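Structure first, commentary second.
Scope of the values below: all heavy atoms of this structure, side chains included, with no hydrogens, waters or symmetry mates. Residue numbers start from 1 in every chain, and the chains themselves are labelled A, B, ... in the order their sequence lines are given, proteins ahead of strands. One-based numbering, in listed order, for ligands and for the atoms of each.
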Number of protein chains: 2
Amino acid sequence: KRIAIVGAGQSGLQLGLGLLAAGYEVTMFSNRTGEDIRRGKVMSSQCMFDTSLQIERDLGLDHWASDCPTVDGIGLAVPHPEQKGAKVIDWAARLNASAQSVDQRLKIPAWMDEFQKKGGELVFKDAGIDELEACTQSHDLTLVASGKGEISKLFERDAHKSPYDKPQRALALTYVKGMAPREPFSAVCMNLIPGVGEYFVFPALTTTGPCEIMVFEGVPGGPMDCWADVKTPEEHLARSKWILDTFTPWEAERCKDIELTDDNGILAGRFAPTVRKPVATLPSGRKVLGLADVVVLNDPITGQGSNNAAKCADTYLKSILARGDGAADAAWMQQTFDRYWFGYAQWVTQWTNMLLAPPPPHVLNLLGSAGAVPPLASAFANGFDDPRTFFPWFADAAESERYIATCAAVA
Amino acid sequence: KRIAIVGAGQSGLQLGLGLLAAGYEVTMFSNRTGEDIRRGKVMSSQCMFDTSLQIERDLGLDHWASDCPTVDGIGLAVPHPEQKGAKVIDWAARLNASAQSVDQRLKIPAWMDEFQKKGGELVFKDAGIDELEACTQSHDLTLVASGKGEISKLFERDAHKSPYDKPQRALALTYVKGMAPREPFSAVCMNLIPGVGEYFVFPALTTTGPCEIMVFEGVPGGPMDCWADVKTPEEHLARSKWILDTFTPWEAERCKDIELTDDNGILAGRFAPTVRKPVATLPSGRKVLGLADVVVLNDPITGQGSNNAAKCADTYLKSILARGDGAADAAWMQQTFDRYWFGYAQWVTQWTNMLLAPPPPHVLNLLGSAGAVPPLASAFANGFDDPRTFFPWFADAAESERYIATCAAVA
Ligand SMILES: Cc1cc2nc3c(=O)[nH]c(=O)nc-3n(C[C@H](O)[C@H](O)[C@H](O)COP(=O)(O)OP(=O)(O)OC[C@H]3O[C@@H](n4cnc5c(N)ncnc54)[C@H](O)[C@@H]3O)c2cc1C
Ligand SMILES: Cc1cc2nc3c(=O)[nH]c(=O)nc-3n(C[C@H](O)[C@H](O)[C@H](O)COP(=O)(O)OP(=O)(O)OC[C@H]3O[C@@H](n4cnc5c(N)ncnc54)[C@H](O)[C@@H]3O)c2cc1C
Ligand SMILES: C[S@](=O)c1ccccc1
Ligand SMILES: C[S@](=O)c1ccccc1
Ligand SMILES: C[S@](=O)c1ccccc1
Ligand SMILES: C[S@](=O)c1ccccc1
């Protein structure tokens with residue numbers, strides 16, 4: 001009945017709050033105060049699709065549902081190689097239900113407050129092996145939910161589930177006010193620059209109200225791997241507009257008057273996609289269980305990290321509740337992760353890792369056909385809500401052709 | 001807001017009831033009266049695992065939860081080729097949450113009564129193309145939920161998703177009272193007879209109270225393809241015991257005093273696993289949407305048909321609710337099925353179709369290792385609740401060995 005969680009993030013707090021509502025005692029370790037999270041740097045573009053949003057709704061945790069702008073579709077654009085400032089692919093499709101991006105600077109601290117108000121024990125410290133040893137002696141289960149924190153490396157990298165050992169994109173975020181709203185519906189506007197990278201943009205909610213989030217991913221060493229010399233917020237805004245001027249002038253038209261939401265609405269960084277083994281053994285021989293990004297870390301190119309966090313925490317919560325008085329031993333830990341991995345996250349991960357590599361011809365054919373076959377475009381858009389639905393037709397040429405034909409027959 | 005459903009079965013009635021609760025008008029066609037279903041032949045062994053049961057719970061339709069015996073694990077036995085009346089494999093694993101088998105003779109008629117009481121329009125007729133033409137003119141969406149009925153063949157067989165065009169097992173059911181309860185927990189007791197077939201048995205709820213259901217599947221033309229000469233209920237009980245005496249004497253020990261629950265608690269039959277295209281076009285050019293067994297029909301060897309029916313109806317209900325005022329056109333129909341198929345049922349189907357074929361050596365190695373590696377046995381048992389979790393390790397030798405090793409490391 002006593003559960004410890006190290007890491008006050010999306011998955012950790014969602015899980016902790018669910019556990020409290022089910023009558024558990026929860027101890028949570030945070031390495032930052034709520035206010036410093038609210039006023040510190042952005043951490044994500046956190047676009048959450050309907051299934052993930054519903055997990056939050058069902059826990060009563062959708063506190064921003066009304067104030068957060070909805071994201072109502074997906075758009076895909078590719079520059080025309082032979083026509084200046086034009087697109088050779090330019091289509092959109094509505095999501096069957098809205099997505100929403102609630103800044104973690106808002107959500108995490110408010111969920112920390114809710115966790116305390118609901119009886120959770122919040123302990124402030126940069127937790128290390130010593131805290132894990134203490135927790136495993138006083139609690140029935142200890143989870144590590146520390147995201148990209150250094151303590152996550154306690155869990156052993158799973159080479160067979162990790163095809164990459166190096167970052168595959170250089171990342172940046174810029175939160176802005178004043179962007180012209182997309183008409184006639186909002187979308188994740190995806191701009192695929194062949195051999196260069198990707199620009200994504202969609203509306204969101206941050207600490208100063210509604211905004212849009214510009215998301216940049218660059219092939220390393222390419223023209224969009226361009227944040228090393230950026231050292232001020234003003235330079236970051238400028239480099240953001242420069243990418244749009246240089247590679248997506250149609251989006252630059254929307255950004256004549258953009259300003260940062262705040263000087264901390266910027267980020268630049270990179271990481272290697274990594275899957276880890278879920279059970280870590282401490283020096284004492286006691287065991288801890290890894291949660292969400294600790295065990296499955298994907299590049300954000302597919303916008304799945306916060307979705308994975310919600311769905312991972314939901315699966316772990318269900319597994320804890322079903323266990324009851326049963327031992328929280330390594331076998332149960334491993335089985336809990338396995339259901340998440342084989343049931344769901346292996347397909348999110350395989351899809352994302354394929355998209356990081358150069359697209360093969362059948363993929364370019366799918367993206368083009370989607371502009372002329374609306375049901376295929378819809379499949380693409382709503383696949384973001386459950387990436388299992390891309391298999392087997394996204395990854396195999398012959399199956400992709402069969403699926404295009406299925407889609408064309410009902411257009 | 002007006003929906004028609006042809007076929008008053010598990011998926012059709014679950015969907016209809018959900019639609020009524022959401023404020024839709026529902027017309028349903030039934031080819032039998034509730035009472036004739038209650039007192040007619042059994043139709044299934046309908047073992048529903050926790051995720052499917054929860055879909056019913058969330059609609060408030062788990063009316064037998066308290067009276068139906070729980071099924072609390074899975075067991076696997078294989079006869080010893082060199083030791084008389086002994087088993088070379090004999091293991092069991094608990095399900096993380098209970099399964100339950102509520103006879104469709106009970107559930108379907110009670111759900112028909114609930115459907116009328118909740119404002120549904122129940123129309124009694126053996127529906128054909130004429131009723132479909134009428135329904136498609138007076139309703140926004142018409143679904144065909146007719147199971148193994150002849151009208152299901154209106155939907156075009158999908159050859160690429162259907163590796164079989166012939167039955168792969170000869171089936172029989174025998175519902176009995178007086179079987180010795182399994183101790184110390186109930187289970188689906190799976191008896192795999194190499195090259196011959198399978199005997200499954202578990203407790204259930206039928207019209208005369210708790211029982212056990214004996215399920216027989218025989219390789220066609222083999223020793224368990226043995227129901228052609230059976231012509232009375234007494235002969236059916238006798239042939240049931242004969243299989244146990246001949247192939248599973250350890251189960252015969254439990255059946256010294258078994259009697260039929262009723263003369264109609266028996267069934268024999270066979271069918272080819274079949275996947276169909278979900279949109280059918282009527283002579284007028286109007287369109288209908290296929291539901292559950294109409295579009296994805298699997299052999300019962302994996303006990304997934306009623307689970308598929310609950311999960312399919314849940315996905316279709318979610319899709320209808322998200323559509324709102326949107327057109328219920330062929331594109332939307334196809335996309336609704338696609339989410340079900342690519343997201344879930346393709347993996348149930350591939351797994352089941354593999355199990356119907358002779359098991360390759362790595363599969364026999366998995367089944368043996370599970371007897372000595374409890375976490376692998378648990379994976380097997382709980383995979384019945386979500387067969388996606390068998391992939392890729394069940395179907396590939398090298399991956400199966402990796403998963404055995406993962407399981408052994410936490411045993
Ligand atoms: C640029 C970018 C864009 C993204 N865009 C999207 C998107 O559009 N959609 C989407 O779904 N996902 C997106 N993601 C991913 C998403 O933000 C994360 O996957 C999600 O936050 C994972 O949740 P988590 O609970 O595993 O970790 P987090 O939410 O990161 O929580 C971990 C927390 O634990 C803390 N911590 C670390 N070490 C310790 C320690 N020793 N003791 C205590 N606390 C510690 C960390 O500081 C952090 O506060 C994006 C990520 C990035 C980097
Ligand atoms: C021997 C056997 C054992 C099984 N064991 C299991 C198990 O352990 N676990 C499991 O999950 N599944 C099992 N199944 C599968 C499960 O019973 C079915 O998959 C499930 O009933 C499918 O639901 P459905 O709504 O698609 O069809 P049904 O529940 O069969 O509903 C279809 C209904 O429509 C009626 N109908 C047909 N034609 C017409 C028409 N023209 N007009 C009106 N009505 C019509 C039919 O008579 C029937 O009443 C088993 C099946 C069999 C045969
Ligand atoms: C590169 S972005 O994530 C994408 C995903 C699917 C289809 C097209 C583009
Ligand atoms: C722009 S962020 O990386 C994203 C990408 C794809 C889908 C949703 C969100
Ligand atoms: C033949 S029965 O369905 C089965 C399934 C999984 C593992 C072993 C046996
Ligand atoms: C005995 S019925 O066919 C069954 C098989 C496997 C799992 C559950 C139910």
Side-chain angles (χ1 to χ4, degrees), chain A residues 47 74-78 89 91 93 168-169 188-194 197-200 215 217 298-304 351-352 354-359 363-364 366-368 370 376-377 379-384 387 390 394, chain B residues 44-49 52 71 73-78 89 91 93 95 99-101 168-169 171-174 187-194 197-202 204 212-217 298-307 351-352 354-359 363-364 366-368 370 376-377 379-385 387 390 394:
Chain A
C47 189
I74 297 280
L76 176 74
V78 182
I89 292 171
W91 54 259
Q168 304 296 300
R169 293 289 196 278
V188 182
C189 299
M190 316 188 298
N191 293 273
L192 268 48
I193 318 299
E198 298 86 11
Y199 168 52
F200 308 99
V215 185
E217 303 218 13
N298 280 294
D299 187 276
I301 193 175
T302 53
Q304 291 304 316
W351 176 58
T352 304
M354 185 177 162
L355 279 168
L356 289 166
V363 165
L364 298 177
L366 282 162
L367 303 175
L376 175 59
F380 265 107
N382 292 294
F384 279 83
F390 291 108
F394 186 82
Chain B
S44 180
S45 58
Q46 69 268 311
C47 189
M48 294 180 74
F49 298 92
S52 298
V71 180
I74 297 280
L76 176 74
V78 182
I89 292 171
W91 54 259
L95 289 163
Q100 284 183 311
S101 175
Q168 304 296 300
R169 293 289 196 278
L171 316 175
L173 296 174
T174 313
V188 182
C189 299
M190 316 188 298
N191 293 273
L192 268 48
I193 318 299
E198 298 86 11
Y199 168 52
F200 308 99
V201 57
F202 47 90
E212 298 232 21
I213 298 171
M214 308 168 91
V215 185
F216 301 102
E217 303 218 13
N298 280 294
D299 187 276
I301 193 175
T302 53
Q304 291 304 316
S306 288
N307 292 284
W351 176 58
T352 304
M354 185 177 162
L355 279 168
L356 289 166
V363 165
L364 298 177
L366 282 162
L367 303 175
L376 175 59
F380 265 107
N382 292 294
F384 279 83
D385 188 54
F390 291 108
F394 186 82

- prompt: Counting each atom of ligand 6 from 1 as listed, which ones have a heavy atom of B:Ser45 under 4.0 Å away?
  reply: 2 (S)
message: Rounded at 0.5 Å granularity, tell me how far CD in A:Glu217 sits from CD1 in A:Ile193.
response: 12.5 Å
- prompt: Among all protein non-hydrogen atoms, which one is nearest to atom 3 (O) of ligand 3, and what is the separation to 0.1 Å?
  reply: A:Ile301 O, 3.0 Å
- request: Any atoms of ligand 3 less than 4.0 Å from a non-hydrogen atom of A:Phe384? List them with their elements.
  value: 5 (C)
statement: If you scan protein heavy atoms around atom 4 (C) of ligand 6, the nearest is B:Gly303 CA, 3.8 Å
- request: Could you say whether the N/O atoms of B:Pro300 and ligand 6 ever approach to under 3.5 Å?
  value: yes
message: Counting non-hydrogen protein atoms only, what is the nearest one to atom 1 (C) of ligand 6? Give residue, atom name and distance.
response: B:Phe200 CB, 2.8 Å
- prompt: Got B:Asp299 and B:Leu171 here, is their nearest side-chain heavy-atom distance under 4.5 Å?
  reply: yes
task: Find out whether B:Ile301 and B:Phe200 are in side-chain contact, i.e. whether some heavy atom of one side chain is under 4.5 Å from a heavy atom of the other.
output: yes
field: Heavy-atom nearest neighbour in the protein, as seen from atom 5 (C) of ligand 3, with distance rounded to 0.1 Å
entry: A:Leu355 CD1, 3.5 Å
- request: Identify the protein heavy atom lying closest to atom 9 (C) of ligand 3, giving its residue, its atom name and the separation to 0.1 Å.
  value: A:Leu192 CD2, 3.7 Å
message: Do A:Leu364 and A:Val78 make a side-chain contact, defined as non-hydrogen atoms from C-beta onward lying under 4.5 Å apart?
response: no
- request: Check B:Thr302 against ligand 6 and report side chain, backbone, both or neither, counting heavy atoms closer than 4.0 Å.
  value: backbone
- prompt: Picking from B:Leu355, B:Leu356, B:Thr352, what satisfies side chain to side chain contact (heavy atoms under 4.5 Å, CB included) with B:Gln168?
  reply: B:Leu356
- prompt: Are the side chains of A:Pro387 and A:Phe394 in touch, meaning some heavy atoms are under 4.5 Å apart?
  reply: no
Contact atoms of ligand 6, heavy-atom distance to B:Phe202 under 4.0 Å: 1 (C), 2 (S), 9 (C)
task: Report the relative orientation of the aromatic rings in B:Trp351 and B:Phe384; use parallel for angles under 30°, tilted for 30 to 60°, perpendicular for over 60°.
output: perpendicular
message: Suppose we measure from atom 8 (C) of ligand 5 to each protein heavy atom; which comes out shortest, and what is that distance?
response: B:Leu367 CD2, 3.4 Å
- prompt: Within a strict 4.5 Å, meaning less than it, do heavy atoms of the B:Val215 and B:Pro300 side chains meet?
  reply: no
